[PDB]
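Only one chain is shown below, in structure tokens, and it's the form deposited in one PDB entry.
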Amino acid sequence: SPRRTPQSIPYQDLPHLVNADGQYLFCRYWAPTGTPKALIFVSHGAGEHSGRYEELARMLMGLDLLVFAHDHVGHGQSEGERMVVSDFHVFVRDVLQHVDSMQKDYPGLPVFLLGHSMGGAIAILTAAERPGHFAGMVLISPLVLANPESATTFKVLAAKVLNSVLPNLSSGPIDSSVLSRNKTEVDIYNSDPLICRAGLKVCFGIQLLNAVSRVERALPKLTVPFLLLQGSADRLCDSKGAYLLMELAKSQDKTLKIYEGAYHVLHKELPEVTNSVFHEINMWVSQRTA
């Protein structure tokens, strides 16, 4: 009987890739009609999925890039216990597998990464693993420094799980309303059956803590060009992290745009913010694929 997504759709009916642990990842592609100028992988965040990037991906495809993505293990239409990961590096390993597969299929093209939130930490660690190989990285509110208060509170729970055997302990859910000022986008997020909005399993939050630690160690060695988009009112990925990334990265091509008063999900924020975000990514990628 065929392997099916967690929503019961046979993988044989969907674009997919099998990762190094034998788990099926659901994949998406947006390719232009002409010859592609470059490849770009879209790296989604915690609890969400690649389908949330439809509009951004179609904009990038319109610049003649071949955009590709997958749902990370434990997310969306990919396999794995929901919101569990044996180690955070699994996400990076799987991105690298998909990139390597695509570069075989479409050789000679430069490859970019775009990542948001947890997906931005994944993007940072992916570029850091392959210094010199990626042409550029677009980061929308990447997880660099967590909100200090939320992180300290969580670290209490983390102390229980790290010192005891408590496999089912969970944090309280994040309030989706404090992550975008656009109430319609919040309602869409709350309506999407592929989003996990349950409280975070403490074991997974521990891997996010590992992600923050690894990102810190990676920054002084990062050299990839990057565009960094950050809201000043981000209640999850603290803006201090974006400033620290600008300061500590060794990249010779680094740009920060701060959106004053904007919340975390900048590409699903108020129209004037999101329109700027799309425009600024368009300009930055166009200039680096000319």
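Only residues modelled in both forms are compared. From 1 onward, residues are counted along the sequence shown. Only the largest set of C-alpha atoms that superpose within 1.5 Å between the two forms is called the rigid core.
Novice: So which stretch wins on mean C-alpha B-factor, 146-154 or 80-88?
Specialist: Per the PDB record, 146-154.
Novice: Should the higher mean CA B-factor in the entry be assigned to 25-33 or to 42-50?
Specialist: Per the deposited B-factors, the answer is 25-33.
Novice: Among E216, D187, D94, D71, which carries the highest Cα B-factor?
Specialist: Among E216, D187, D94, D71, the PDB entry lists the largest C-alpha B-factor for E216.
Novice: Looking at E260, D64, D253, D238, which has the highest CA B-factor as recorded?
Specialist: Reading the PDB entry, the winner on C-alpha B-factor is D64.
Novice: Using the B-factor values recorded in the entry, state whether the Cα atom of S117 falls in the lowest, middle or highest third among the modelled residues of its chain.
Specialist: For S117, whose C-alpha B-factor we compare with every modelled residue in the chain, the answer is the lowest third.
Novice: Using only modelled residues of the chain, where does the Cα B factor of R181 rank: lowest third, middle third or highest third?
Specialist: Answer is middle: the recorded C-alpha B-factor places it there.
Novice: Just say lowest, middle or highest third for the CA B-factor of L229 relative to the other modelled residues in its chain.
Specialist: Ranked within chain, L229 CA B lands in the lowest tercile.
Novice: Which third of the chain holds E272 when residues are ordered by C-alpha B factor: lowest, middle or highest?
Specialist: It falls in the top third of the chain.
Novice: Among all modelled residues of this chain, ranked by Cα B factor, put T5 in the bottom, middle or top third, i.e. lowest, middle or highest.
Specialist: It belongs to the lowest third of the chain when residues are ordered by C-alpha B-factor.
Below: the form deposited in another entry, not depicted.
Novice: Identify which of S191, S86, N168, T184 has its C-alpha displaced by 2 Å or more between this form and the one not shown once the rigid core is superposed.
Specialist: One residue passes the 2 Å cut-off, namely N168.
Novice: Give the consecutive runs of 3+ residues, present in both forms, in which every C-alpha shifts by 2 Å or more between this form and the one not shown after rigid core superposition.
Specialist: After core superposition, the one displaced run is 160-171.
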